[PDB]
Amino acid sequence: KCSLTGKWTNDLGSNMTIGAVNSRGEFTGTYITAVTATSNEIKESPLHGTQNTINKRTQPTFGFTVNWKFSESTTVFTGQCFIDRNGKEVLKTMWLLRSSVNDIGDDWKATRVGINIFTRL
Amino acid sequence: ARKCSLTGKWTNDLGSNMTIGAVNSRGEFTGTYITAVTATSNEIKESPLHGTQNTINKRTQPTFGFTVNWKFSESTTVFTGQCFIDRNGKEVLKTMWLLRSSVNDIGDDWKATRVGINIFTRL
Amino acid sequence: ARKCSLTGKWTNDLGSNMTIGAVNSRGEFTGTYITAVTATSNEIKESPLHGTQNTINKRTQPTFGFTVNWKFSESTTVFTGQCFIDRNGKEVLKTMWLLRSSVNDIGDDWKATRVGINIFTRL
Amino acid sequence: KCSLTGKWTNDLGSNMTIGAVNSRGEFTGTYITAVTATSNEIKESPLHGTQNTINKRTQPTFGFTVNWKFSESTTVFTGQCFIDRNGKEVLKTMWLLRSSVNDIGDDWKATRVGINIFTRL
Ligand SMILES: CC(=O)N1C(=O)N[C@@H]2[C@H](CCCCC(=O)O)SC[C@@H]21
Ligand SMILES: CC(=O)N1C(=O)N[C@@H]2[C@H](CCCCC(=O)O)SC[C@@H]21
Ligand SMILES: CC(=O)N1C(=O)N[C@@H]2[C@H](CCCCC(=O)O)SC[C@@H]21
Ligand SMILES: CC(=O)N1C(=O)N[C@@H]2[C@H](CCCCC(=O)O)SC[C@@H]21
Ligand SMILES: *[C@@H]1O[C@H](CO)[C@@H](O)[C@H](O)[C@H]1NC(C)=O
Ligand SMILES: *[C@@H]1O[C@H](CO)[C@@H](O)[C@H](O)[C@H]1NC(C)=O
Ligand SMILES: *[C@@H]1O[C@H](CO)[C@@H](O)[C@H](O)[C@H]1NC(C)=O
Ligand SMILES: *[C@@H]1O[C@H](CO)[C@@H](O)[C@H](O)[C@H]1NC(C)=O
């Protein structure tokens, strides 16, 4: 019963939309971030992911990848959709932001990590 | 320099294998993952993964991310990294991952996420 | 702008409390942490912590890190973050942590590290 | 019997020393990194940490903080000391590098994560 489909916003002011989830748990979406680590102008970017359907849990885990359209980086988020007594949903996620580096010797510094909480609308 | 491509069969440094299919013009790909190690005693099942490669500036060593939707637990893992040509000329994926466990209630969310690394090379 | 200082009693967003003592001229400090939550079935006990604040350029919002040496589990947590003055003028510590569980075999080292955030405010 | 005391090197060519561990599990050390995220010249920097002494485990966990002397950042490492059949030790660790940001709205991008394996030098 906690569904990922909808329009969500996070603590930083970014918004995301997620469409219908198919029977395979696959979904697509859009992400408009309010903040960036680049100096490039932000552009709405696509996202793709899946919800885990094992045991058809009411509060499933999920993951998705945001394919940034204004930088060479990629972010992944994973988390769980929690739904209260009243039907109010929260997604509690963690993410990794992968920057592009030119030299393999600099790989060690390429991955930032953090949390995000999404609520609806 | 060679272009590093994600399509192919890979193995990681713990002996898990994944196969990634063709990457489409939107940077999307599908594959399967067969893990050698596990955080559950349930029998391991090949599981699908889906992700994208970043094609901005058409870099020869692109970043990417994907989600593995495990078929034998309620967890999900995400990986992100970059496809490099290594110093010896081989393709290698340098990745980090978050493994999200399912918790029964929200007050246990703090303990639900593991993190680590993996390096993949082509099989 | 106030200088954000780590000395004091703090509480987090899960009800855990910590107390940090004076910071010496080398940036070192000691404290105690009383966690509201645990991943063990042991009785929680107050545990020591030790860490440092970075004093380079004597920033008024310095970074810092510390290790909590749990006295009721075989695990270790490390925290690192920055002491900020918030938009409302209050001190706030914004931190990230890694909780390292003990495993028995080196093959299981990949599942030993959980990650998360904590924000602390002064009590 | 796996002991943190010694000189170690990691997989990127950084070295560290750790001195005697006291009965409270406390130790001090030094760290000379081979790599940096700053453009400042590298300087050997002190570290302080603890090993967990509960049940006096033969392969203890531990954590420590490196207080960089050439940047405003801090890195913390945590991991476990493993020791094999003939006494060969390896420290398997993960780390968080906290950079300094000027404004609290940029906190989200301040923390990088990675692994490090140390062996005896
Ligand atoms: C709220 C939150 O944590 N995030 C959010 O909504 N936007 C930022 C990042 C934006 C990356 C854009 C591409 C780039 O700068 O390379 S993904 C994690 C973080
Ligand atoms: C090599 C490596 O680090 N990993 C790998 O290849 N398999 C494991 C995890 C498998 C999770 C299976 C689902 C579950 O147990 O819930 S994903 C990160 C780790
Ligand atoms: C609030 C927050 O995120 N944390 C907090 O205040 N307590 C928990 C963990 C406590 C570990 C106790 C020892 C053990 O169970 O192994 S450290 C991160 C987390
Ligand atoms: C091997 C490994 O991963 N690390 C290592 O030995 N040095 C780098 C970083 C050095 C930070 C220096 C201070 C700064 O640049 O601000 S700590 C993690 C990483
Ligand atoms: C989020 O949606 C709200 C209004 O619905 C808008 O005010 C805000 O600018 C959006 N955020 C971004 C980053 O577009
Ligand atoms: C990885 O593929 C190799 C070579 O085919 C195979 O022998 C091995 O069993 C595979 N690993 C897993 C976990 O299936
Ligand atoms: C935090 O300190 C407050 C105020 O003294 C107290 O009510 C609460 O029990 C403490 N939390 C824990 C985990 O001890
Ligand atoms: C590490 O110690 C080795 C052996 O002395 C030395 O070759 C190397 O330069 C040291 N690394 C650094 C970053 O000092």
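Whatever order the structure lists ligands and atoms in, that order sets their numbers, starting from 1. Within every chain, numbering begins at 1; the chains are lettered A, B, ... in the order of the sequence lines, protein sequences first and strands thereafter.
- For the atom pair CZ (A:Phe62) and OG1 (A:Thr93), the distance works out to 6.0 Å, reported to the nearest 0.5 Å.
- Interface of B:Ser75 with ligand 2, defined as ligand atoms under 4.0 Å from a residue heavy atom, comprises 16 (O).
- Of the protein's heavy atoms, C:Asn17 ND2, 2.9 Å lies nearest to atom 11 (N) of ligand 7.
- When C:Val37, C:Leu123, C:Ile34, C:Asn12 are checked for heavy-atom proximity to atom 14 (O) of ligand 7, C:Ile34 turns out nearest.
- Shown in contact with B:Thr38 at under 4.0 Å from a heavy atom are these atoms of ligand 2, numbered in order with element: 15 (O).
- The residue from B:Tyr33, B:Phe72, B:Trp97, B:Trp70 that puts a heavy atom closest to atom 18 (C) of ligand 2 is B:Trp97.
- For C:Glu28 and C:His50, the side-chain atoms include no donor-acceptor pair closer than 3.5 Å.
- Within ligand 7, counting atoms from 1 as listed, the ones closer than 4.0 Å to a heavy atom of C:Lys9 are 2 (O), 5 (O).
- Atoms of ligand 3 found under 4.0 Å from any heavy atom of C:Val37 (numbered from 1 in listed order, with element): 7 (N), 8 (C), 10 (C).
- By the criterion of a heavy-atom distance under 4.0 Å, neither the backbone nor the side chain of C:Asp13 is placed next to ligand 3.
- In terms of polar-atom proximity, C:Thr35 is not counted as a contact of ligand 7, lacking any N or O under 3.5 Å from an N or O of the ligand.
- In this structure, CG on C:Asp86 lies 7.5 Å from NZ on C:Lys94, to the nearest 0.5 angstrom.
- Any N or O atom pair closer than 3.5 Å counts here, and C:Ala36 shares no such pair with ligand 7.
- The shortest N or O to N or O distance between C:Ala39 and ligand 3 is below 3.5 Å.
- A 4.5 Å side-chain heavy-atom check between B:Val23 and B:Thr7 finds at least one atom pair inside the cut-off.
- No hydrogens or angles considered: a donor-acceptor pair under 3.5 Å links the side chains of B:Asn12 and B:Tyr33.
- At a heavy-atom cutoff of 4.0 Å, ligand 2 is contacted by the side chain of B:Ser73 but not by its backbone.
- Residue, atom and distance of the protein heavy atom nearest to atom 7 (N) of ligand 3 are C:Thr35 OG1, 2.9 Å.
- Proximity of atom 9 (O) of ligand 7 to the protein is not indicated, since no non-hydrogen protein atom lies closer than 4.0 angstrom.
- In terms of N/O distances under 3.5 Å, ligand 2 is not approached by C:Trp110.
- Taking every non-hydrogen atom of B:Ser16 and a distance limit under 4.0 Å, the qualifying atoms of ligand 2 come out as 5 (C), 6 (O).
- Atoms of ligand 2 lying under 4.0 Å from at least one heavy atom of B:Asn12, given by number and element, are 1 (C), 6 (O).
- Near C:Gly15, meaning under 4.0 Å from any of its heavy atoms, are these atoms of ligand 7: 11 (N), 12 (C), 13 (C).
- Between atom 17 (S) of ligand 2 and the options B:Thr77, B:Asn17, B:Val115, the minimum heavy-atom separation is to B:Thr77.
- Those atoms of ligand 2 that come under 4.0 Å of a heavy atom in B:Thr40, given as number and element, are 15 (O).
- Going from atom CZ of B:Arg114 over to atom OG of C:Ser101 covers 8.0 Å, rounded to the nearest 0.5 Å.
- B:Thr40 is listed as a side-chain neighbour of B:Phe72, based on a closest heavy-atom distance under 4.5 Å.
- Contact annotation for C:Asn118 and ligand 3: only side-chain heavy atoms (C-beta onward) come within less than 4.0 Å of the ligand.
- We find that B:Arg122 and B:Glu91 are not joined by a salt bridge, their nearest charged nitrogen and carboxylate oxygen being 4.0 Å or further apart.
- Residue A:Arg98 is tested with A:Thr65, A:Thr75, A:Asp107 for a side-chain hydrogen bond (donor to acceptor under 3.5 Å, both in side chains); the sole match is A:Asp107.
- No donor-acceptor contact under 3.5 angstrom links the side chains of B:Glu74 and A:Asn52, judged on distance only.
- Distance check: D:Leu12 CG to D:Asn116 CG gives 6.0 Å after rounding to the nearest 0.5 Å.
- The line from CG of C:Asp13 to CH2 of B:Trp110 is 12.0 Å long, rounded to the nearest 0.5 Å.
- Rounded to the nearest 0.5 Å, atoms NZ (B:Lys71) and CD (B:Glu46) are 11.5 Å apart.
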